[PDB]
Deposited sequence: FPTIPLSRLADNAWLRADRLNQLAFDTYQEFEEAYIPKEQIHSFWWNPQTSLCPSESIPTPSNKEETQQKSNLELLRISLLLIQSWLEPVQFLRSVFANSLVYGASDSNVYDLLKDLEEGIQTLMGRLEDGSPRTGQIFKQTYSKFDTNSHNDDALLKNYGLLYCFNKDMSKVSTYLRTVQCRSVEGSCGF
């Protein structure tokens, strides 16, 4: 039973990545669905300042083909790397999360979650206005990445 099996670790790691994912998505949708004019959707992909992402420099699989090819270790690194890339900048959205009626995103949840998740990934490894809009897109993409990667690593070593 527990020596904390590895299912435990993977189960919890993903769940955590999954909340940060709903958190990241929903506040992203909300923000846009409340501040961005229909004609301004995705205006961030093309703007001299808010084009760049906190992790532009990190290696990331762009599909199942690539992702599954990576192993349980290189997938946890990308995820841990990605996570840390967000530790300081995620606080730029602090307000955004605090003036948000999104389910569970107020006080300091998001940043805290990032921290615990960093610890969980770390453990598994050894054992193994448009500016605001832009960042929220970025955070969701990256949160989706982590979630997607850890789920893969999770469904590798049960589930269905």
The answer, as deposited-sequence ranges with no C-alpha, is 129-155, 185-187, 191
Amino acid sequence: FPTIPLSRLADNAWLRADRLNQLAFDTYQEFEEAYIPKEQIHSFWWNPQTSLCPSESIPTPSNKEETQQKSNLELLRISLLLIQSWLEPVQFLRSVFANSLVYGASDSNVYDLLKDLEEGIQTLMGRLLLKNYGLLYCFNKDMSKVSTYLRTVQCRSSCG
From here on, numbers count along this sequence of modelled residues.
Assert higher mean C-alpha B factor (91-99 or 104-112, deposited values) equals 104-112
Comparing mean C-alpha B factor in the record for 9-17 and 144-152, the higher one is 9-17
By the entry's values, the third containing the CA B factor of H42 is the middle
Among the modelled residues of its chain, the C-alpha B-factor of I121 falls in the third labelled lowest
Sorting the chain's modelled residues by C-alpha B-factor and splitting them into thirds places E30 in the middle
Assert third(CA B-factor, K70) within chain per record equals middle
Entry-reported C-alpha B-factor of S55 relative to its chain, by third, is highest
